[PDB]
Amino acid sequence: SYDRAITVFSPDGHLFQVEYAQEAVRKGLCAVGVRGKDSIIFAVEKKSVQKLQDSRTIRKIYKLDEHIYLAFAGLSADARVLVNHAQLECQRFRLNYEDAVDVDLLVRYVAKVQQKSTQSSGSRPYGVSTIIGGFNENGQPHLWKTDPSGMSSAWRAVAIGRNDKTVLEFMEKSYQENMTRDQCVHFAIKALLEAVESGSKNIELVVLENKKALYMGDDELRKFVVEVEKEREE
Amino acid sequence: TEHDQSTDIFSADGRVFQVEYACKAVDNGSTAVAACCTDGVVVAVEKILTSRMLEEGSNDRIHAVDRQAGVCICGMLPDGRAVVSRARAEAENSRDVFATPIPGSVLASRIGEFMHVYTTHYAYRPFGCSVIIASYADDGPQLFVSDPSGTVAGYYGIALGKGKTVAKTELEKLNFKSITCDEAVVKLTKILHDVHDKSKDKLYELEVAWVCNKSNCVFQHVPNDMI
Amino acid sequence: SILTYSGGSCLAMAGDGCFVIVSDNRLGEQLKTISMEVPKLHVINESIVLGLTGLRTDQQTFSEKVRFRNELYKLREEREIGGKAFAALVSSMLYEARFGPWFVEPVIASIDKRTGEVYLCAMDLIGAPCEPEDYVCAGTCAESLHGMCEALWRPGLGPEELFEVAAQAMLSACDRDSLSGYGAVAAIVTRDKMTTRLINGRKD
Amino acid sequence: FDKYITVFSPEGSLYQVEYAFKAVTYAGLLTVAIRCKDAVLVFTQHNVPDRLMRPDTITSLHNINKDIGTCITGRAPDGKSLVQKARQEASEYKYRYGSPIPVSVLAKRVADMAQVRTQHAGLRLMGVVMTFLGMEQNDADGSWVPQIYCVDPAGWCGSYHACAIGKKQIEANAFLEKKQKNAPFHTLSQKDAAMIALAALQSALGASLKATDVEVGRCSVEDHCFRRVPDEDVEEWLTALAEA
Amino acid sequence: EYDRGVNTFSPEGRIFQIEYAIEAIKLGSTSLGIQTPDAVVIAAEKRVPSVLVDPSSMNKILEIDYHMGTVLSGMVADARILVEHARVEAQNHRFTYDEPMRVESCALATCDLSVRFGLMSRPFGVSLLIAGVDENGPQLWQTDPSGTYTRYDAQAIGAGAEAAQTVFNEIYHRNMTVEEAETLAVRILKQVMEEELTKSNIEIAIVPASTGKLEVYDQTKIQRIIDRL
Amino acid sequence: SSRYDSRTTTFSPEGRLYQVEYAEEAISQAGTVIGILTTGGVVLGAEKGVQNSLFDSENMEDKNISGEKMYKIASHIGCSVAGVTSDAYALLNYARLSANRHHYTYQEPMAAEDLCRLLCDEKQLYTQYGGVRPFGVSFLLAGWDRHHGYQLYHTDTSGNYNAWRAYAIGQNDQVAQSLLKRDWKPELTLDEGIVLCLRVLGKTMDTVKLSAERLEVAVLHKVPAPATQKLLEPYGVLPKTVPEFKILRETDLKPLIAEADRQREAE
Amino acid sequence: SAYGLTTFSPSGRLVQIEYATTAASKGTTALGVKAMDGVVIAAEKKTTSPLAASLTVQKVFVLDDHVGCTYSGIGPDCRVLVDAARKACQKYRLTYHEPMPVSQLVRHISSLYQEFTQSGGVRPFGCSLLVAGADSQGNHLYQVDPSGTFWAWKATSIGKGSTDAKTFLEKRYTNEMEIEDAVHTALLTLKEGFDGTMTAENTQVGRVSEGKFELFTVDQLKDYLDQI
Amino acid sequence: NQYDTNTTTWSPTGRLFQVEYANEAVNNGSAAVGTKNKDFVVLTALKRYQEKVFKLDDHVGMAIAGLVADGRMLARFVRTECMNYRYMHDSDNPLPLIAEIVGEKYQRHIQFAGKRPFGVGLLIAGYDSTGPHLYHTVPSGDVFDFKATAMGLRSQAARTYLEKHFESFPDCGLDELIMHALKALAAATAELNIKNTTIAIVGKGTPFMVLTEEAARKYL
């Protein structure tokens with residue numbers, strides 16, 4: 002058994018393992034969340050269009066339960082572990098309490114899994130940030146972000162990964178309360194193409210409504226990228 | 004010169020330097036002498052006092068391990084103390100499990116084994132004491148020394164610590180076939196008073212114990228009216 | 002008794018480069034009959050048939066363990082297990098559970114593909130083998146099967162005469178047994194072919 | 006970085022093993038064992054440098070059980086640790102199989118204990134050579150044959166007709182090689198083998214020996230037990246050698 | 007960083023891991039508590055990293071139990087762990103002996119857990142002000158990564174600490190009213206903040222000896238204090 | 002001893018796990034391995050070392066369980082490896098055991114993506130916990146399940162995985178992806194897919210004639226379902242077809258090494 | 004100490020596994036030859052002095068009635084593997100009541116080697132094995148290296164004189180050797196690289212034939228040496 | 004310095020460096036003083060509100076200097092030893108046995124890699140069937156039995172004063188003894207009063223007790 006102390010303080014209150022985990026998040030692909038009136042939009046950048054990559058691509062936005070999605074940035078394998086723990090947690094909760102877990106509760110579970118990995122001898126921290134969105138059973142949306150330190154916080158919109166600060170600046174100006182479903186998609190795509198090259202097939206997109214979810218197709222996503230490539234020339 | 008940081012490592016010459024250094028603690032500690040006589044064993048140590056306001060009986064280097072056996076710790080005192088608790092467990096073990104007072108040779112063997120083991124694991128360090136073992140069980144009067152290496156050797160007479168090269172010269176003039184416990188208490192006390200350095204250690208007292216036929220083979224501090 | 006809770010019987014006989022193994026089709030809960038279409042035979046590979054009787058939950062669970070170990074054997078070893086090793090393996094698993102047993106009693110029947118030699122085994126529920134040269138049987142009408150086979154079986158028989166012996170046995174014995182019945186299924190195995198037959202019987 | 010733990014150097018050598026072998030000569034003592042027709046003898050140095058030491062307490066010879074003896078060469082307290090594990094091994098073997106461990110098998114188990122510290126990190130190697138001595142029975146006719154096994158820090162276990170270990174072993178082993186050529190050791194009397202062994206020591210140490218300077222142990226067909234040889238029987242060998 | 011271990015002592019008898027953890031608390035938000043005779047008051051700077059954050063979610067004031075609350079400074083996620091042990095201890099007490107935990111016992115309990123490292134790889138980079146009323150009136154205690162805990166008439170922790178401890182050695186007397194502390198609080202927040210000060214940008218809580226309940230102030234009631242300035 | 006710790010699981014100053022990176026270099030040095038997805042199955046092809054007269058066969062009773070590079074995991078999943086051979090065998094045992102546990106529990110074949118996730122989770126575990134090196138292996142999984150049809154996966158030292166229509170790992174994998182990119186198309190037969198694999202190996206080994214003794218090919222395809230034992234299992238139901246993993250011998254590569262040399266001369 | 008000692012270096016190498024391999028190559032020569040009806044393995048056993056007892060040095064080992072091995076490199080490391088191998092064979096018997104096939108036994112040795120290249124606080128085994136046996140699929144000769152990689156061979160050699168031994172076997176090896184002429188070839192190959200005169204007391208030989216592995220006694224081996 | 008990181012490394016002159024540094028943690032805490040006559044022991048301590064004096068059972072308590080979280084651990088430990096003892100015996104844990112076991116607990120933390128030294132000194136004061144007792148424990152595991160001493164910052168001065176007066180302490184009454192303990196603690200320094211100086215007492219008739227601010231007014 003290996004018990005070494007990996008995450009330790011150094012001469013000015015720095016935890017370097019945590020910092021370098023957050024560096025790994027900065028290199029990861031960009032992800033965005035945007036909270037509307039009654040819809041949440043998760044949008045992520047995919048690596049790069051290839052002839053060979055499988056048309057039915059693997060999804061980088063995961064379902065945690067019937068009403069809660071997650072997107073991330075950073076080490077994709079670490080994140081898959083994190084998503085596993087969270088799926089277990091939601092089902093554990095149904096079994097212990099019959100009701101379905103609240104988003105805000107599930108976020109604190111995840112964030113505490115990240116925090117523990119910054120203090121548990123034997124182990125390095127995860128190199129992942131998450132964006133988690135979902136509804137209450139009273140139909141009001143919530144969007145949370147979690148970072149490697151274990152700190153969570155709620156947002157009206159948020160970007161992580163590469164060109165986080167640039168997208169986030171664009172979004173501070175342009176954000177608007179009570180956007181529709183279609184406005185939210187528009188605004189999310191727009192926000193992404195401040196970091197990303199083209200918008201053909203390097204974007205996946207979930208529209209999480211109360212009582213529905215959609216991994217948008219390539220017909221409906223092309224329609225919106227051309228409505229937005231037309232607006233960026235003005 | 005990275006070869007001297009753990010005791011789990013030989014040097015290129017076949018030495019174990021962590022064990023040499025621990026032996027250096029002992030060699031700079033206070034001087035103890037002992038003598039194996041016809042009727043028993045006597046030990047004497049010199050306590051360097053760090054303060055005129057210590058109660059008498061403070062920082063005793065001689066401890067009983069069994070009705071018939073005792074140890075004098077030379078070197079670092081708290082290290083020595085951990086060795087005393089093991090020695091008592093061994094002595095207790097022998098009465099509990101085998102119904103016998105531990106033989107002196109066996110008790111010394113077990114103390115050595117114990118000191119040896121802290122010479123082989125990266126996670127621990129050697130002890131910084133030597134332990135004089137004085138016994139008088141069914142095997143007769145015995146005097147052994149264990150050292151930080153875990154080497155154990157029996158002696159007629161011995162001296163450890165800073166005074167030890169002169170004290171050894173005076174212990175050589177005794178006669179170990181005749182000398183009794185009564186005569187030895189006198190002679191060993193004279194040797195500690197002569198090898199004492201007056202420039203460096205102004206405050207000291209002598210501690211002296213014995214296990215003899217007088218004391219009904221019980222290890223015990225000698226009565227204070229005999230110095 | 003617990004070995005008789007679920008009902009059922011199995012029988013295997015040897016001939017000359019062939020065997021036959023038969024089982025009844027009944028599943029029950031003591032006297033109440035749940036199904037009449039549960040044969041108790043499991044084909045391991047081209048050469049080995051397994052019969053299991055005893056409590057049905059443990060037949061179901063122990064045959065799944067056998068299947069699991071066999072699949073891993075075939076990937077490690079890149080070959081099919083022979084009748085004798087499979088039986089030694091089965092034995093080992095029963096005895097692993099010596100102080101808390103599987104309530105099954107297996108009947109294994111096999112043929113060495115090369116030499117054409119027939120191996121039969123039956124086991125008690127902690128894996129003691131009984132490997133004669135004529136026949137083996139187990140389950141709720143094993144007493145009545147013994148004497149049918151002692152009087153009908155003879156050395157030497159070929160596939161078609163061994164099949165009649167073994168079907169008359171199973172039927173006449175199931176008919177004096179209230180917990181085994183509803184006709185039978187038989188596998189007939191040679192080095193070259195494996196024939197299966199559903200035999201008619203009484204509807205009680 | 007390989008000089009400090011159990012990893013291979015780039016020439017496939019283990020450095021801690023080589024240095025543990027130096028611990029063996031560092032200790033300054035010489036041991037000679039020799040197997041003759043009916044017996045096995047072991048002759049080690051008994052150094053008592055200090056006039057005040059109780060000389061019957063300094064020993065390299067130990068019993069592992071009634072019938073097996075050892076001679077430790079090298080770092081003495083590492084020796085005694087192996088004596089204790091050997092004793093534990095012998096005692097477990099006897100409880101498990103109901104017969105005393107054969108000396109060949111004992112030696113192999115102690116070798117395995119050494120090997121394991123050459124391959125795991127964090128425990129120092131024992132800087133000794135353990136020479137085991139005892140009689141072993143043949144399966145055929147049930148006769149008893151004397152053995153000598155040595156185990157070293159590398160975990161190597163081998164049997165010998167004779168062998169010197171310790172300071173000046175190179176000079177003493179050559180002397181025994183010369184005297185092997187005259188007649189095989191297994192054809193010699195106890196006395197004749199002894200004169201060879203004792204003169205191997207005298208050649209190598211560059212001295213003349215008294216009986217007090219050596220301690221000697223012995224297993225023989227007559228008495229299978231490993232036992233010390235009394236000082237008188239060694240004076241008669243040393244007297245025989247000063248003459249011839 | 008790995009050259010010396012988690013346990014190592016400095017040549018003047020400090021443990022390095024603990025010195026560095028205390029430095030960490032200095033780069034925190036600012037937070038403070040003030041004890042009157044009637045009541046005990048706590049407050050913090052929020053310090054959101056943008057106007058897209060919902061500010062609710064970034065609380066530095068947490069209820070431990072009906073009669074006590076904390077304000078944390080330093081690593082928020084580490085504080086979550088302490089504030090959870092404290093909630094559990096406070097409820098075990100009530101379970102076992104049917105009465106509220108004393109405030110001192112709660113600070114004691116939170117400090118035991120601070121020093122369990124060698132097990133955890135490192136200290137907590139966190140300090141807590143615990144505030145509440147028991148039988149000894151309004152109290153304010155402070156715990157730090159060393160596991161020392163200590164009672165204070167008024168303290169601050171964080172980036173604006175050293176500047177708030179010269180508005181204390183001036184204006185702080187033992188004998189003030191609710192009002193003068195609620196105002197002295199906001200005076201110090203205005204000083205050592207970097208931002209302009211607003212009702213959304215700070216948090217205030219009281220535990221008055223009158224009723225023995227922590228109350229968390231609305232933004233309506235924080236307007237009234239910036240007004241009085 | 003803690004000063005001689007290498008710190009295998011410790012991030013370095015840029016969010017980079019050096020041991021994960023160096024272990025990926027090791028895979029780039031390894032023999033070329035190619036996977037192609039076709040309409041009638043998946044094809045896996047691998048270059049082998051140079052053939053010493055003195056080699057021998059294991060002479061295994063069943064020839065479709067393991068070549069030098071191709072392994073069955075279960076009857077609907079096979080793979081090829083690049084990287085540290087002994088590391089591959091430890092993980093292939095892990096995968097065989099997981100696939101068979103799933104059959105044990107659900108009495109149905111594990112989905113190939115589910116299998117792939119378990120494999121990659123095992124790898125990720127040695128990147129976060131445990132003070133030891135990671136596995137230095139990359140896999141190509143060929144799979145068939147009813148959820149998703151034929152599927153080809155690649156698994157990298159990080160514990161990441163991704164699906165593909167054609168891919169190449171090992172030595173000359175950029176040169177190989179260049180060629181597949183050009184010549185792959187979504188309408189391939191399994192016999193064309195095999196050809197295309199042979200050409201791509203012929204152009205990365207650097208020989209004009211395809212030495213049949215330097216090639217291994219395996220196919221994951223479907224074949225008509227065997228016997229329906231309706232008497233021993235009256236509620237058994239088998240589909241018309243079932244997946245098979247097959248390690249093509251020289252007698253099946255003769256008309257296919259011939260069709261890759263007529264496409265090599267006419268170019 | 005529970006951290007790994009064997010790690011990746013920037014170019015993808017695992018150097019502790021190459022140093023171990025180096026140590027297996029510096030060992031005394033051993034070789035093997037597979038005939039059409041048996042296998043023969045052989046090894047030099049020279050002692051350092053004539054004071055050593057030759058007869059007790061083992062280089063070839065029985066692992067079970069049907070299989071044996073020899074090694075080069077670090078003797079003491081070889082004993083660990085021989086012990087593990089011997090146990091796995093008895094274990095297979097208890098379970099299946101038949102002899103463990105040589106292919107399975109060699110995958111067990113491999114995975115033990117492979118453990119010691121990933122496990123914390125251990126170095127790799129510094130020896131390579133030749134394994135020779137007979138099972139229902141015939142006669143086999145395998146080599147296993149410190150990496151845990153194994154290959155089946157018709158004929159091979161490990162240790163210091165092995166490039167030359169292997170060259171010499173390329174030429175003289177045929178697919179239709181009988182077992183007695185494989186023993187001859189084995190011995191003849193040892194003779195070429197051998198320093199000094201080669202005797203029945205500094206060479207050891209094993210032989211699979213009729214499904215049974217057996218060491219030659221000194222006397223059996225003197226017979227075959229006066230003929231060459 | 005190569006030799007001063009871990010506790011498990013001797014230095015070539017036979018010193019344990021990390022152990023001396025833990026010992027500085029004590030020399031840099033607030034001063035405390037102890038003294039004893041025939042039937043009482045008095046602890047005083049200069050608080051720098061910081062718990063610096065703990066009661067360990069009816070008949071024994073201690074002052075600390077240095078790392079308080081270490082003091083609190085050593086207290087849970089002694090308290091649990093005394094209770095155990097009184098459960099088994101119905102009498103008081105004898106004081107020499109308290110000192111031994113504290114000494115040994117300290118020593119174990121200076122010889123293994125998975126243990127840190129304790130950076131805290133104690134003055135243990137108690138009263139049992141063999142009279143009053145004042146022990147000093149330091150992080151090296153040493154345990155002195157004193158008639159008077161001082162530890163912590165500037166505590167040399169306290170030590171000097173005591174050195175002139177202790178010979179008279181056998182004869183003193185409980186009031187002069189308390190004053191001597193204060194003139195000593197004063198010598199290690204703002205002046206003493208009931209909000210920054212502690213006094214505790216134990217002896218014949220007298221379960222261990224910290225004087226309240228009322229009773230302490232008399233002396234201060």
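Chains as they are written, first to last, in the deposited numbering: chain D, 2 to 235; chain G, 4 to 230; chain J, 2 to 205; chain A, 6 to 249; chain E, 7 to 124, 132 to 242; chain C, 2 to 268; chain B, 4 to 231; chain F, 4 to 51, 60 to 200, 204 to 234. Backbone N, C-alpha and C define an ideal beta-carbon position, used for all residues, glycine too.
Could you list the residues in the region 108-126 of chain G with a C-beta less than 9 Å from some C-beta on chain C, going in chain order?
The residues in question are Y125, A126.
Taking 7 Å as the CB-CB cut-off, is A129 (chain J) touching chain B?
Within the third sequence, residue 129 (chain J) is the residue found at index 128, counting from 1. Chain B contact via Cβ: absent.
Do you know offhand how far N70 (chain A)'s Cα is from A95 (chain A)'s?
If you number the fourth sequence from 1, residue 70 (chain A) lands on position 65. If you number the fourth sequence from 1, residue 95 (chain A) lands on position 90. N70 (chain A) and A95 (chain A): Cα-Cα distance of roughly 7 Å.
When you check each C-beta in the region 11-38 of chain A against every C-beta of chain B, which residues fall closer than 9 Å?
Listed in sequence order: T11, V12, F13, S14, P15, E16, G17, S18, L19.
When you compare the CB of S57 (chain B) with every CB in chain A, is at least one pair closer than 7 Å?
On the seventh sequence, residue 57 (chain B) is found 54 positions in, with the first residue counted as 1. No, because no Cβ of chain A sits closer than 7 Å to the Cβ of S57 (chain B).
Helix, strand or coil for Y22 (chain B)? Go by DSSP, reduced to three states.
The residue you call residue 22 (chain B) lines up with position 19 of the seventh sequence. Helix.
Where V79 (chain F) and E216 (chain E) are concerned, what is the direct C-alpha to C-alpha distance, given to the nearest angstrom?
For the purposes of this step, residue 79 (chain F) is identified with residue 68 of the eighth sequence, where counting begins at 1. For the purposes of this step, residue 216 (chain E) is identified with residue 203 of the fifth sequence, where counting begins at 1. Those two C-alpha atoms are separated by around 32 Å.
Between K157 (chain B) and chain C, is there a C-beta pair that is closer than 7 Å?
Looking up residue 157 (chain B) in the seventh sequence gives position 154. Output row for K157 (chain B): interface = yes.
Given a limit of 9 Å on CB to CB distance, which residues of the region 94-122 of chain E reach chain F?
For the region 94-122 of chain E, which is checked against every Cβ of chain F, the residues closer than 9 Å are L114, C117, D118, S120, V121.
Within the 7 Å Cβ cut-off, does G124 (chain B) reach chain H?
Protein chains D, G, J, A, E, C, B and F are contained in the structure displayed, whereas chain H is not.
Between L191 (chain C) and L53 (chain D), which are expected to be in contact by the criterion C-beta below 8 Å, what is the C-beta distance as a whole number of angstroms?
Taking the sixth sequence and counting its residues from 1, the one referred to as residue 191 (chain C) is at position 190. Taking the first sequence and counting its residues from 1, the one referred to as residue 53 (chain D) is at position 52. Not a contact, Cβ separation roughly 18 Å.
Taking Cβ-Cβ distances shorter than 9 Å, what residues in chain G pair up with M58 (chain A)?
Translated into the one-based positions of the fourth sequence, residue 58 (chain A) becomes position 53. Under the 9 Å cutoff, chain G gives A156, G157, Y158, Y159, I161.
Flag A78 (chain D) as yes if its beta-carbon sits less than 7 Å from any beta-carbon of chain C, otherwise no.
Here residue 78 (chain D) refers to the residue found at position 77 when the first sequence is read from its first residue. Interface residue, yes.
Count the other CB atoms, across all protein chains shown, that sit within 10 Å of the CB of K174 (chain D); report buried if there are 16 or more and exposed otherwise.
Indexing the first sequence from 1 puts residue 174 (chain D) at position 173. Exposed, because fewer than 16 other Cβ atoms sit within 10 Å of the Cβ of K174 (chain D).
What in chain G is Cβ-close to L128 (chain A), meaning under 7 Å?
Position 123 of the fourth sequence, counted from the start, is the residue given in the question as residue 128 (chain A). By Cβ distance, chain G contributes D11, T123, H124.
Got a sec, what are the start and stop residues for the beta strand (DSSP E) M162 (chain F) sits in?
Within the eighth sequence, residue 162 (chain F) is the residue found at index 151, counting from 1. Where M162 (chain F) is concerned, the enclosing beta strand (DSSP E) stretches over 159-162.
Mind checking if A249 (chain A) is an interface residue toward chain B, Cβ cutoff 7 Å exclusive?
The sequence position of residue 249 (chain A) within the fourth sequence is 244, counting from 1. Not an interface residue.
Take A156 (chain G) and list the residues in its own chain whose beta-carbon comes closer than 8 Å to its own, dropping the five residues that flank it on each side.
The residue given as residue 156 (chain G) occupies position 153 in the second sequence. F147, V148.
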